[PDB]
Structures are given as C-alpha cells and as structure tokens.
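So this one's two forms of a single chain, laid out as structure tokens and tagged structure 1 and structure 2.
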Structure 1
C-alpha cells in the first residue's frame, strides 16, 4: 500500500485554509474551492493536479475535491478513497487541527454518481455564502466523469472565481523535503548537460557533422532513460520538463514554449535549454555554447553573466519582483543601453511542481514579494545580435541565453542549485 505523507498534508491544507480565510485578492469572495481532475493521458501542467501533488504526494485522476468552510469532501474511485483514508481517519493526529474533517465519497463505475454529486453541491451551497466557487480556470480535463460532474455543477449557477494566482503564491514557498527534490532535479539536469549534452555537441563540432536540432533534442530525451546519468534515481521518477530546446544559426526564440526545429545545427552561438522533473518537481538550465566567439561576442556574453549575478544579489526575501526586474534593467540602461531592446522581456519565473508559474514571472509589472524558500528559474538573454565578422546569413545573427535554478535564501544573494560552469573557458569551443 502506498503511504500518504500525513504530516505534509496537514501542514499544507492548513496553509491553504489560512490564506483563504485571510481573504486577500482572489480569495476574498470565495465561498468554496472546487478542484476536479479528469483523464490525464499527457500528465499536463495544471493547478488542479499540482494541488493534488502538493497535498497528497500524488496526482489522482477522475477525482473531485471540494474545500468548504467547515468540511472537505474528496470523491474518487474505491482504491483512491482507500488511499485517502490515511488522512481522513485522523487517529488523534496532533497536526490535524487547522482544516476541516474529510468526507470521502466513492466514484461508482457501473452506477449513477448523482447522489454523490448532489452531496457536494449541497456542501457548496452551505459553505459561507454559498454563491461563488474558487476554481482553476485554465483546467479542463477530458473524460466521462468530468462531463457528468460539470453537467451537474453547471445547473447551479455558481459564480466562478479564478484562484490560480493566489494559490500559486500559497504553495510557492518550498518545504525542506520539496527543496531536496528540486535540488535532485537540478543535479540530474546538470549531470545530463555536463556528461552527455556538452560532450555530444563537441563531438558533432569536432567531426563537422550535420545534426538537426530536433534529433539532438531526441538524444537528450533518450539520455535520461539511461541510469548512468541519474545518480541512483529510479528512471521512472525522471522526466523532461519540456522537450529540450536547441537553437542556432540565426534562428532563435528565447522561451520555453517552443520545440527544437528541424534545421541542422550551426557552429555558432548554440542555445541549449533543458530541465529535469524529478518526482514531479521541476528544475531548469540554459547554456549557450559558442564556437570561436569573437571579442565582441564574449563581451556581450560576460555582460549577460554580470546581469544574472546582479539579479541573484537582488532576489532576496521581502523584495517585490518588479523591483528586482528594474534593478537589472537599470544596469543595462547605464552600462549597455544599446542592449535595452535586445534583452528578454522576462528574467525568470517561479518554479515548482508546475514548471513555469505565470503569476510569478520576473517582469516590470509583478507586485508579488519574494519569500525565503521560493525557487525560480532565473533566465536572461540577448536576441537579434549582429556578428560583424559574419559572412553567410546563418553567421550574421546570434543570440545569448543563460538560465539557472535558484533558491531565495534566508539572507543575502539567491543560491544556485544547478551546477554547470558557464565561463567562456567552459562553454567556448575553439577550433
């Protein structure tokens, strides 16, 4: 039988209730929080399943959770219900005080679930003002169970309030156990880059091979099925956060939402983005490899490194994210104003069970304050740079992209969890 970490459940559900009751921003008018997971074949990033992973240690498909002021209802298959009895039966657990008692309902396979749906709907109507439900608006899972539930729920005319941003902030600070998972993810990412990827690229360059970016990305995906790069980790606990992104030869997009294209790799500036997800917890790395970079290319690259460390020095508990952003852009404006229009609009983002927290992005508008124990992907780049010495079109335009997994510390500059050496000595390839 799979053990549920009960103490972690009670700590975290208490954090959720504390913030909900505090009633700031999107929490203010919410009468009940309603979270439902359908079929998930692709294991997509979603607040609904991230919340499950946070509370229970595991995603639970075809499962509904209703958080009310004085009760909590979980509805799932008999086997998942049996699993949840570990926290539903409290057995005098001291930690159980900060949240309501749990009622478990069984999802029937061969029978109508109307009776259970009605119980949850009545619980919502009875919770606080019984009018508005907190939801994750982006999440729509397929399958018959979600169809049936949504049909039932939609008849009731509850107002839906998106709570994605406030929940992101609620779960952002990592417990030590979670940080250990993210540290392991970061170390696996670093080992795959150091031992496999960088070597592979140097082989390709030394042999003057023509390799499509897409094919190189596939090779990296295959590499993490090999135990030699996992340092003891069960291979089934390791996944890519996203398909590895390799770009070169004047075609760059510096973001994590695009895949590697089919062009042959140019021995240029080669941007390489990859991250490992270990036991559902994400990490991220970006390195640019440079073949015979000129003095001017090196100058821009070293300035990029300078900006990153300036960012880490500013990313400290209590500081507003936008103020970190402005501090870094101030350095660009002062020292290299010509790069103001070349630099990435975002400098990084909060990272966790979900890879990229859209409300935690480091940009000019973000008002959220940093807290000790939050983890970020800190990413900075320059795009659309011109190489003067370039002749062919693939040589003329280059980009520079750097990123690391970092931890907001107790005091002082943020701590870097990834370990891949980034000096020109390390990422330069000289023919």
Structure 2
C-alpha cells in the first residue's frame, strides 16, 4: 500500500545530475552545493524545485529540503516522507547505488524546533569543497513558516547564490526511453481528445449556429478528459490538463499558452484551439486552427504556415543550435512572404517534459543551446493580425493562424511528430458541406 519509489531511476538520475555538475559548465562552475527547498505548493505555476523531485523520486514532496553536497546528500521532511525516502537512503545491497553519494534523512518537527537539523545541513554545505556558493532555483519562493525558518537560517550564512535553472533544465532535457513512452502516450491522449471530442464539438456548434462562450467550450474539454472513451485506453486518474484549454476567435487572439479562454461567443471564422494533456506528470501540447469556409487567401497563408513547420521539423535535429533553427525558418519567411515577418510569432516552440515550458529552451533568436536526440519539444508557429479583405464586421476583419505539435528530436535528421491530428485544410476546415 505504501508508495513505491523507482530506486534504479533515482540512482541513475542522481548520478547524471552529479556528472553534469562535476563537468562544471556555465552556472555549474564553482557551485559547492545544490540547495532545493519546497514549501506549500499552491501550484498555479510549474516549478524547477518540484520538477526535480518528480525526476529524482517520481513524486513531489512539500515542506521538503534537499541539500546535494560534494560527498553527501541530506533530505529533510516529515516522518511520512522520510519513510518514503528510506527506499533510496537504505542502499540495502543495491550496487546501482555505488555511484551515488550517501543519503542522510532528517525528520522535520511540526513543533519542538528544527535548529538542530538546519545546522546539520548548513555544516554539510560548509564542508562541501569551498563551502561558499550554492546553486538554487531563485524563482522558487514558497509560503509557509517552515520554509521561512529554513531560508532565514540559511541566509545568516551569506552564501553566494547562483541560479542553476538553465543548466539543470539542460541536464534533464534528454529523455530516457521510459520517459519517452510517457510523453508519447500523453501526446496520443491529447490527439484522441481533440480528434474525438474537441473538433466534433466545434463542428456541432457551427452546424447548429449555437452561441457558445470560449470559456464554456474550454470547460467542456476539461470535462471530456474525465471520460475513458476519450483517453485512448488511459485511466482518468492518470491525466490532467497542462493548462486550461485555450480557444480564441473573432479578432481577439493572443498566440501563447499563458492566457485563459475569454467569455466571448465563438465566432465562425478562424478558431485557434490549444490544449495539452499531462500524463503521469509528463506534458504534451497541440495547437490547431479550425477555419470556417476559408477563402483562397486564408488557405494560402495557412498552407504556408504548414510549410514553415515542415522546414522547422527538418532543421530541429541533434547538434544544431536553437537560434540556428529559428533563423532558418525566418529566412523562408523573408524569402517567400516578407509581408508576414511582422505577423509571425517571435517564438517557434520550446522544450517540454515534466515542466510544460522550459524557459531556457525556447526556440528564439537568442538561444545558444544545442539540440540533442531524445529531447522533446512543443513546436508552435502562428501568424497574428492578418486581414480578411472581405470582412465587414470587426470580428470578421482580423484573423490569426496557429499550429502546434509535440515532436521528438532525432539525429540525421528530421524530428518525429508525436501528436496525431491531421492538419491539412480538408481536415481542419469547417465546411458548409460537413
């Protein structure tokens, strides 16, 4: 009945963390200890601290402190969580633990003070190499008295703090085969929900001439993932939304994933639809634009968007710098449709895994990181503020086109698409015929 911890996975991945840290590239340089603290998780935002726990343990743990030193690791948590972590702390006789620093478990006290435990972790940092600089996820600030008491104690030492979010994201980016199977299923579930529920519902609304608010349609998609018939064999208890589904139309667009569906009635023109399923903690992503009776001009821009995504897939391969992929795509726009340069999304996708969007792995003009086989990306491209020459009402005047898929980076060459939703005009057009 107790929660099972994948021990081999922990030993494998903690060794990988230490091998990258030891290499000392970028912000890993001169880091004496890595300090990760999780307080109460109000959620709302994905976080490196809890993502790291998912990667190492398979589960997130609130009010938990993790101190990785050169020659030892300390975890401090409640008695329940300590019992859980004993699965990896007690090596038993597992030779897979040979390469990993020994774990010390400290039991947190709701009452009776934790100063003795805090001091042990501080002394451990002090004794780790130079004992001066700690790697942190500076963005992660959690509420709670316990976290406040730990960070107050830690701050009295005046350690140098360096944010290691980017190097850690790169450390875990390449997916193991078991992780890829989870992301493949996540992508398949997203596709099933869209193919079997989302697209059908939109077509029913148009065919019936119904007035449905984007927010209501989004709620219906959320309700749909509670039903087994839409989950392609997966159990409803293993799936959640990566973010609330986003439907936009009628001239009111914003081609990103950090906004919610508005209260406006869906307009029957260009309907951008974004959704993603998180399966057993691994994210997927999909974006499709459904076009009602699209004109020649709309189809020409949309088919050019498909062409751009195809070029992106061809360039998204092992060893290539992310900014070089970005420039290759923008060069096609410059060469073929200069007038769309100021219309195209400034970002063309991002690394995706336990966390939905890796901020350090965004496909933009600046990113210097090199791609690797085994990385998984959400590849998204869109055109905003496009004009319908035949539009008469404001909601008909402007439209947008947005497409998005989950893809697996390969070596020599083109990336593999993991989502399975047809996107030719005949598959995404909502035609009078139906």
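Numbering follows the first chain given and starts at 1. Between two forms, the rigid core is the largest collection of C-alphas that superpose within 1.5 Å.
Annotation: the position in 240, 146, 99, 343 displaced by at least 2 Å at CA between structures 1 and 2, with the core superposed, corresponds to 99.
In the core-superposed comparison between structures 1 and 2, the C-alpha atom of residue 70 has shifted by less than 2 angstroms. Relative to the superposed rigid core, residue 384 undergoes a CA displacement smaller than 2 Å between structures 1 and 2. Core-aligned CA deviation for residue 28 between structures 1 and 2: less than 2 Å. Core-based superposition between structures 1 and 2 puts the Cα shift at residue 231 at 2.5 Å. When the rigid core is fitted, residue 43 shows a C-alpha shift of 6.5 Å between structures 1 and 2.
Core-based superposition between structures 1 and 2 puts the Cα shift at residue 173 at 0.4 Å.
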